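**Q** got a structure for you, letters missing:
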DNA sequence: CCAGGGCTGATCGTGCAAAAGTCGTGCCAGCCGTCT
DNA sequence: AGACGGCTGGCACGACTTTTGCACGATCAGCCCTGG
């Protein structure tokens, strides 16, 4: 890539302009998530989840 | 591996090690101002391969070769004082009593 | 973030447990009956067309037991968290709003003036908000990012992750056991107790 | 001063360079609160 | 000796972590119950990556130079060296335009940052960068520069005589100039955090009250699997009889698993007593005073077989005030001693350790001399055994260990 | 109606011979200090 | 400066020990059927 706009893409601060609140639909919950969760957190041998 | 005190930590000249003894602690009566080395402790790191590139610096500069870190006491920020007495404990079955 | 299926349409705790009975205002059901249905000790009816029974009447275990042979299999009843879901999904907003408005306009009295207009206002505010009533329950449960919940190293290799991840692993193992038991066609009492424990967790 | 990791860094850079300019950015605690509220059955988003 | 026994056997041969893994893993299949805010404090350590990033901001570069630099510092490692290559960064930036000297220009300024000589290029440009730094009033800067430039291969042999006639130097004066290079103290990236966390393998415990230490297992480690009394009673009143068969099966397997587990615990404790009964010597005195033990001797002690104990003692740990040790560590071979007795290998190993540590460091002792010394003490061992025990203790050389007298 | 015989679910025993790893130690090759 | 002898390390003979899968099938008391 250009490696110029990529380094500036982390500054995702443009404006606020509004605020509201609604109920969480079962279809919008999967859009926020990137995967489905085993009860284990991290092992002790190699210290990796 | 285990960690032992030998008072031979790299990355520091003989200026800070002048107050240390042959075991790692400083002599009683010596003044300490700010961050000074009081107990010389090292932490061994994992072994390495042949790596002639690193073996160059390993054989040139002695026995360092990234084997020990600089995990000394490193007292907090500036404090001026003196040492009055020390204390050292060791579990049974260890013959590391160099100055105990 | 993440998401958990929970293998069951569990309900939310902020609703039906605050000062106003939000689940009770839509279903016109007292708080005692609603709390008794969620713990598998009520076994409320869902819908009956030919059976001589009301739509949202209260039932009991022995009543369902000795009435199942009377009306046959026509009486549909659920004792789990899906009962409220079904009772709330099998309900039209405007169809009930029209009846409420007609009752408030035709029948004008002292007791009819109060405890009836509030329901109409709530229904109107819920319809105009665009939200769905069945969404009050959480079929899928999302989780907060793990960076906000560190491992909490107390002394040495202390990675217990207490006060924030114990509930998470408990709910995860409960859901896993519930799914495992449902995959093997476990008896009804055992799976009902497991679903009740998962709801409590 | 507390939040806005990029904001305080830009403030430090401007004080070192002598520009003396600030930006409002966004407080990190507000994002933490949004992430903690979105974990339940509450939907909140930033519209524009 | 069918399936049930079969599985019960694999239950004790494995470590306790995989045991708890299988236990807990199989505790979800059948109903058998096992039974000051969020952040502790939270602190964001700096580190020699964030510290190299800090400087970038303060310094004045353009928008393009800034990117290059970001990329360069990503390549820096814990040791302190740009990891990849020079042209590699140019090839990874994907833009054919940007010259190879472009990166050099930036990279020529990033390596005079905090620890100077950070992000060196192949453990040698470090010296060049580190040397150019301090003033030219140092005594033999010329000489040392000349050494480092093209004459490191020769310095590698730890040889000094050859450097005179090669590069036209004086008589041994350079040597003092070669000491300047020794004080350079390379790798300024390793000023890193010595935050290596602490490790453990706690399993059984031994504590010395009123003499004759008593062996007892860990209170928390050991897993206790109980049965549910709630689901027990529920089998007699079942309706379809399918339910009843289900519950019967769950019940019988649970009892089986329970007994198996307990059997493991009891066996472990028994094997944890025998050793202590046999090896009180070691816990008191040391490795120098261990008696030899074999599997056959432990099986003969208390109504046991070799095969059975062989599995119990694999990946098992014991904590005593002496230290933390595997049970497999206690068992070792023996050699013939004076008076018909048998001497443990661990005793000879500790003897060799303490003998090499207390030998004259000026002139080292040969394995033949150590063999003769051991024979004089009344041990009666060969030279090969001594060689093997010396080689085993991360000491390949015997005579090559010679320092300045 | 009671005791004798067959049916059947309930309950258990942590051993035993075979294939592979290990060291006690001798055999033999490579390497260096010294006198020839 | 090279042969001689000590030093050192790799390799192998062989006795001992580690370890590993392994034949499944046997047995006792409660329940049911039956003759005196």
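**A** That came through fine. Residues are numbered from 1 along each chain as shown, chains lettered A, B, ... in the order given.
**Q** Just want the most central residue of chain B.
**A** In chain B, the centroid-proximal residue (CA atoms, centre = their mean) is residue B:40; its distance is 2.4 Å.
**Q** so who does that residue touch?
**A** With contact taken as CB atoms under 8 Å, 6 or more residues apart in numbering or on different chains, residue B:40 is in contact with B:5-9, B:17, B:20, B:24, B:72. Quick note: C-beta positions are derived from backbone N, CA and C, even for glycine.
**Q** With respect to chain A, which of these is nearest?
**A** Comparing the contacts of residue B:40 against chain A with CB to the nearest CB places residue B:72 closest, at 25.4 Å.
**Q** correct me, but that closest one touches residue B:9?
**A** Yes - using CB atoms under 8 Å, residue B:72 is in contact with residue B:9, at 6.3 Å.
**Q** what is in contact with these two at once?
**A** Residues touching both residue B:72 and residue B:9 comprise B:37, B:40, with contact defined as CB under 8 Å, 6+ apart.
**Q** any idea how far residue E:100 is from DNA strand G?
**A** According to CB to the nearest atom of the strand, to the nearest Å, residue E:100 and DNA strand G sit 45 Å apart.
**Q** Sitting in helices, which of the contacts of residue B:40 do you find?
**A** Per DSSP state H, helices hold no members of the contacts of residue B:40.
**Q** nearest to residue E:220, of these?
**A** Nearest to residue E:220 among the contacts of residue B:40 is residue B:5, at 32.7 Å by CB to CB.
**Q** show me what contacts the closest one?
**A** Residues in contact with residue B:5, defined by CB under 8 Å, 6+ apart, are B:23-24, B:39-42, B:96, B:98.
**Q** Please tabulate those in a markdown table, including the columns secondary structure.
**A** Converted to a markdown table, these look like this (DSSP: H, G, I helix; E, B strand; the rest coil):
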| residue | secondary structure |
| --- | --- |
| B:23 | coil |
| B:24 | coil |
| B:39 | coil |
| B:40 | coil |
| B:41 | strand |
| B:42 | coil |
| B:96 | coil |
| B:98 | coil |
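**Q** What sits closest to residue E:299 if chain neighbours are left out?
**A** Nearest residue to residue E:299 in three dimensions, chain neighbours excluded: residue E:306, at 4.8 Å (CB to CB, 6 or more residues apart in numbering or on different chains).
**Q** Look up phi and psi at that neighbour.
**A** Residue E:306 adopts backbone torsions of phi -60, psi -50, taken as degrees, to the nearest 10.
**Q** wait, doesn't it sit right on residue E:296?
**A** Yes - applying CB under 8 Å as the test, residue E:306 and residue E:296 come out as touching, 5.8 Å apart.
**Q** Where does residue E:186 sit: helix, strand or coil?
**A** Judged by three-state DSSP, the three-state class of residue E:186 is coil.
**Q** From what I see, it and residue E:122 are in contact.
**A** No - assessed by CB under 8 Å, residue E:186 is found out of contact with residue E:122, at 11.7 Å.
**Q** between the contacts of residue B:40, which is nearest residue E:386?
**A** The nearest member of these to residue E:386, counting by CB to CB, is residue B:6 at 27.6 Å.
**Q** Skip the chain neighbours and tell me the closest residue to residue E:387.
**A** residue E:367 (5.3 Å).
**Q** out of residue E:186 and residue E:122, which sits in the more crowded spot?
**A** Shown here are residue E:186 and residue E:122; by other CB atoms under 10 Å in any protein chain shown, residue E:186 has more neighbours (23 against 12).
**Q** how about the more buried one, what does it touch?
**A** Residues counted as contacts of residue E:186 (CB under 8 Å, 6+ apart) are B:57, B:61, E:117, E:120, E:123, E:126-127, E:130.
**Q** Next, the buried residues of the host helix or strand of residue E:143.
**A** Using DSSP states H and E, residue E:143 maps to helix E:141-150. By neighbour count on 16 or more other CB atoms under 10 Å in any protein chain shown, the buried set for helix E:141-150 is E:141, E:143-148.
**Q** Give the full set of residues in contact with residue E:205.
**A** So residue E:205 contacts E:215-218, E:318-320 (CB under 8 Å, 6+ apart).
**Q** Identify the bridge partners of it.
**A** On the basis of DSSP bridges, residue E:205 is bridged to residue E:216, residue E:319.
**Q** any idea how far it is from residue E:318?
**A** According to CB to CB, to the nearest Å, residue E:205 stands 8 Å off from residue E:318.
**Q** Which secondary structure elements does the longest helix belonging to chain C sit against?
**A** Identified as the longest helix of chain C according to DSSP H is helix C:166-183. Packing partners of helix C:166-183 (3 or more CB pairs under 8 Å, 6 or more residues apart in numbering or on different chains; DSSP states H and E): strand C:2-4, helix C:188-200.
**Q** Point out the most buried one among those.
**A** Ranked by mean neighbour count, these are led by strand C:2-4 with a mean of 18 (mean count of other CB atoms under 10 Å in any protein chain shown).
**Q** Which SSE is immediately downstream of that strand?
**A** Toward the C-terminus, strand C:2-4 is succeeded by helix C:22-27 as the next helix or strand (DSSP H and E).
**Q** Is any residue of that next one near chain D?
**A** No - if you take CB under 8 Å from any CB of the partner chain as the test, helix C:22-27 misses chain D, and the best it gets is 11.9 Å.
**Q** Relative to the whole chain's centre, how far out is the helix or strand just after that helix?
**A** Next in sequence after helix C:22-27, counting helices and strands by DSSP H and E, comes helix C:31-38. Computed by CA atoms, centre = their mean, to the nearest Å, the chain-centroid distance of helix C:31-38 equals 9 Å.
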